[PDB]
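Written below as structure tokens is the structure these notes are about.
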Amino acid sequence: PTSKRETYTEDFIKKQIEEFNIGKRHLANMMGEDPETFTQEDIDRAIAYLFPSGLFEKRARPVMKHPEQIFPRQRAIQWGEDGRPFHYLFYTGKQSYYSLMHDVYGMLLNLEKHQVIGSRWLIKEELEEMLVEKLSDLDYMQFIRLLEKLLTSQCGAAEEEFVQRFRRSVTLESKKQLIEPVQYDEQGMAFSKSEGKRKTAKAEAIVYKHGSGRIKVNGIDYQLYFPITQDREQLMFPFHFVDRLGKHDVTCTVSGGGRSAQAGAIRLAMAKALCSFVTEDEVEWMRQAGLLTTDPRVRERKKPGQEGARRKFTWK
Amino acid sequence: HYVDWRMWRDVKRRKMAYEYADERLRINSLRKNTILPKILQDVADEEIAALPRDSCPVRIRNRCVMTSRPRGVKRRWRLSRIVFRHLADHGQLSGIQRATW
Amino acid sequence: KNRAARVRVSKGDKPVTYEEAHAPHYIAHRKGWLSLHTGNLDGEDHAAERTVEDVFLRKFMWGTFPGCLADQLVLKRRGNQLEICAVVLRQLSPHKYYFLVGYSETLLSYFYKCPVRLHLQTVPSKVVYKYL
Amino acid sequence: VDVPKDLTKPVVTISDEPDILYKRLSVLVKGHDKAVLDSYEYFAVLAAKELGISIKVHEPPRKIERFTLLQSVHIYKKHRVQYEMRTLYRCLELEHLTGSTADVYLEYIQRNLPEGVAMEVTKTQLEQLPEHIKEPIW
RNA sequence: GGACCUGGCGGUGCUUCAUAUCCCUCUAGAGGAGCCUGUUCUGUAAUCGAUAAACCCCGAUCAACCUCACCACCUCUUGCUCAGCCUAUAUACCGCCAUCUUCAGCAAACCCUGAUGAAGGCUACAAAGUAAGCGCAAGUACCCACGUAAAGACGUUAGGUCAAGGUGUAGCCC
Ligand SMILES: [K+]
Ligand SMILES: [K+]
Ligand SMILES: [K+]
Ligand SMILES: [K+]
Ligand SMILES: [K+]
Ligand SMILES: [K+]
Ligand SMILES: [Mg+2]
Ligand SMILES: [Mg+2]
Ligand SMILES: [Mg+2]
Ligand SMILES: [Mg+2]
Ligand SMILES: [Mg+2]
Ligand SMILES: [Mg+2]
Ligand SMILES: [Mg+2]
Ligand SMILES: [Mg+2]
Ligand SMILES: [Mg+2]
Ligand SMILES: [Mg+2]
């Protein structure tokens, strides 16, 4: 047999730790830095200059990391020279998984005797790293069922720490629009500037705090620039929703796209710039009305063997 | 030592088109105008038609330089689609990659 | 099904290289290019003449270093210069390598009117990426 | 311990003629890899600061040339393969150079230009009105 | 001949499905006319190939001569080539593909069952399966997490192409 799984022992990895430390001092002499305060971010920056690779895959580019982040964690020898396995559940095959179920089931019996947002249960792929054991989907569910059962009971302080280990954290980005900084012009008028995008159209809108409802697109009155009523309706929508028509002066400049792509791009820009002159509650209503979201619908490409993007040539 | 006789014929064609390029240019210039008399233009119509057929550039064919394939040829690399892909599929053509978008 | 530049699966006794183990749809994602010049850049010319030189150089080296090439050539061009970089086996004696370096460098410099330099990197045995 | 006691320096003589003044020097480099152009910019910008040259860097929009070819040798028209060439740019706009300064700098960066990277140097020279243009020949 | 196994099939059963799909249902079309274009017949002294799905503006991102391989007439003979051949065979092949694939299988090496037959191999409150590797998946590209491309194993149809090129075999060489 020619194909053998590359097994890395502790002595081999120990020699790799010495070559990285020596290589870390050489790379600092090349770049002229101080070896002592040479972090791993600088190594990533120096290896990207000395070995410039434009490969889209970032895992296929040159990398000079610590051997503990490259080589995978391997199941260590599971017995001594005599041959007796250290752990008492070695012959199960999943001594780490069953030792955890044995511990969790032992804490649920003591409870009987004496008697949240932002957090998620450890995923399957993350639970095989704590145990270094391959786990099936069904076994993972069984473990989660015992932890939940643990929580319902009147668990002690120590148990809370145990469960917390298996509860990973999720950073949830508050769905709140980012208010633009109100600026002041030479005369002293307050306004807010924002940008929009629709299909291939890009728009910049300036919304003055006080105005007589005058809109100028590219230096032209909006009714002249937009003859079709539908386009004018889109412009009104943001202001009508916040029941403040005829109170601001807008000066926008849209470029690219077509008739209907330019209005949508202006609507979104005005709406974003009109969030600085309205209350927080009104901005959430605008968001729930679809006035602050960028429509991602763009033209789909045509495929070599078809008449269109999705249309197919006639089947004979 | 060319791929085939078809390639060899074009090689001669291209060699004879380079020798008469100037002579044909000077004679056509007379024909391509409304200034000179028809009598002189009619004499130039017989002089450029008496030159060898292989001097005419419309007989030159852009074949592949490796397989002498007349059709399916890329002018920038002078290769057929089959020979171009072979070198492109093996990463031998600088910059050439498969497109996905 | 697609066949180009793909090594079909086998029992497991067939050793393939990194370049030989990746298909054409990885040429710019996991692989680079074996030749690097400007001919194929926007607004550049002489892409058909740099290509013919590459096809011949790869054959000249394959027949001039028989049995000694572990992997494909990496041709590099910088101005007038042409740099051939190769991975070769250690079976052949060094005396014969130096002869082939001065013969190929000189012959190819008078044939393509350019300074040609060849950089060998000997390896004990053909580096194996995986066994298909 | 073995080091040259003395060194010989290349002769650079000062001529009697005037020098050429370049209002702007624009270097446009093309390539297929963006990392080689980001690595070439660092060397070119650092070499200018050490020589005392004003330099500005921007990145023009890339171009992608695509074309399609038949997948099979014979028939099977509906099945094709698409290939592309990606060209990435990087413009280094230097200003207020001289002929001698531009000469050595361009040679230095041009020689170290990496494989697969072209260059287009546009030079804007400052001249003076010719004598004949000063006054009409009445 | 008897009795089994596998696979295929069934105008075979149950149940659950099909989201542009089997049917109904929504929208624009085809077949009707004229033209363009390909093919088949017929015709001509006057190519070839593809040719149910998976051929038919297909090889050709292309034929006034050339391309050209076809026909008729004339001509040459170590001949552009240390010759040559678009001669036959794709049912000898590489190479590049189609197709099922708008799939989810595929499999080395072991183990067990069946009395050591072909064969077969699950039940999570678990009853003999474990599995590197290939694929899917994941990553990547494009305007993201979406979607579209790309990818898509082993096999099937002795599928397609000796006329891309190369090539085994048989054949031609005033
Ligand atoms: K059956
Ligand atoms: K109709
Ligand atoms: K019709
Ligand atoms: K085949
Ligand atoms: K043959
Ligand atoms: K052939
Ligand atoms: Mg359409
Ligand atoms: Mg005319
Ligand atoms: Mg396909
Ligand atoms: Mg036909
Ligand atoms: Mg003819
Ligand atoms: Mg013939
Ligand atoms: Mg076949
Ligand atoms: Mg995706
Ligand atoms: Mg596809
Ligand atoms: Mg995939």
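Residues in the structure tokens are numbered from 1 in each chain, the chains being A, B, ... in the order shown, and ligands are numbered from 1 in the order shown.
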
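The part of chain B that reaches within 9 Å of chain E is made up of residues 1, 2, 5, 8, 53, 54, 58, 59, 60, 61, 66, 67, 68, 69, 70, 71, 72, 73, 80, 81, 82, 83, 98, 99, 100 and 101 of chain B, counting only C-alpha atoms (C1' of nucleotides).
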
Proximal residues of chain A relative to chain C (only C-alpha atoms; 10 Å) as an MDAnalysis selection string: chainID A and resid 1:4 53:61

Could you write out, as an mmCIF file with C-alpha atoms, in the first residue's frame, all the residues of segment 92-124 of chain C that DSSP marks as alpha helix (DSSP H)?
data_model
loop_
_atom_site.group_PDB
_atom_site.id
_atom_site.type_symbol
_atom_site.label_atom_id
_atom_site.label_comp_id
_atom_site.auth_asym_id
_atom_site.auth_seq_id
_atom_site.Cartn_x
_atom_site.Cartn_y
_atom_site.Cartn_z
ATOM 1 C CA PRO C 94 25.446 16.393 -11.726
ATOM 2 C CA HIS C 95 28.122 16.424 -14.425
ATOM 3 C CA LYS C 96 25.442 15.652 -16.992
ATOM 4 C CA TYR C 97 23.116 18.309 -15.574
ATOM 5 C CA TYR C 98 25.649 21.114 -15.987
ATOM 6 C CA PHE C 99 26.225 19.996 -19.568
ATOM 7 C CA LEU C 100 22.510 20.147 -20.340
ATOM 8 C CA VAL C 101 22.200 23.567 -18.695
ATOM 9 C CA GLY C 102 24.917 25.146 -20.825
ATOM 10 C CA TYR C 103 23.717 23.385 -23.964
ATOM 11 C CA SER C 104 20.060 24.313 -23.564
ATOM 12 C CA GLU C 105 20.685 27.868 -22.353
ATOM 13 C CA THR C 106 23.045 28.591 -25.245
ATOM 14 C CA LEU C 107 21.064 26.822 -27.954
ATOM 15 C CA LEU C 108 17.820 28.519 -26.941
ATOM 16 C CA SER C 109 19.476 31.926 -26.661
ATOM 17 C CA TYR C 110 20.633 31.820 -30.286
ATOM 18 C CA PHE C 111 17.279 30.431 -31.452
#

Residue hits in chain D, query chain A, radius 10 Å, only C-alpha atoms, as a list in words: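 Close enough to count are residues 32, 33, 34, 35, 36, 37, 38, 39, 40, 42, 43, 68, 69, 70, 77, 78, 79, 80, 81 and 82 of chain D.
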
Just want the residues within 10 Å of ligand 4, written as a PDB file with C-alpha atoms (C1' of nucleotides), in the first residue's frame, counting only C-alpha atoms (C1' of nucleotides) and all ligand atoms.
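Generated output (out-v5.pdb):
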ATOM      1  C1'   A E  90     -15.279   5.231 -33.785  1.00  0.00           C
ATOM      2  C1'   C E  93      -8.210   3.431 -29.215  1.00  0.00           C
ATOM      3  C1'   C E  94      -6.234   8.159 -26.818  1.00  0.00           C
ATOM      4  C1'   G E  95      -8.161  12.879 -26.949  1.00  0.00           C
ATOM      5  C1'   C E  96     -12.707  16.140 -26.383  1.00  0.00           C
ATOM      6  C1'   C E  97     -17.974  15.415 -25.324  1.00  0.00           C
ATOM      7  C1'   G E 159     -23.810   6.765 -27.877  1.00  0.00           C
ATOM      8  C1'   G E 160     -20.721  10.773 -31.197  1.00  0.00           C
ATOM      9  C1'   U E 161     -16.345  11.925 -33.916  1.00  0.00           C
TER      10        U E 161
END

Surrounding residues as an NGL selection string, ligand 3, max 8 Å, only C-alpha atoms (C1' of nucleotides) and all ligand atoms: :E and (31-33)
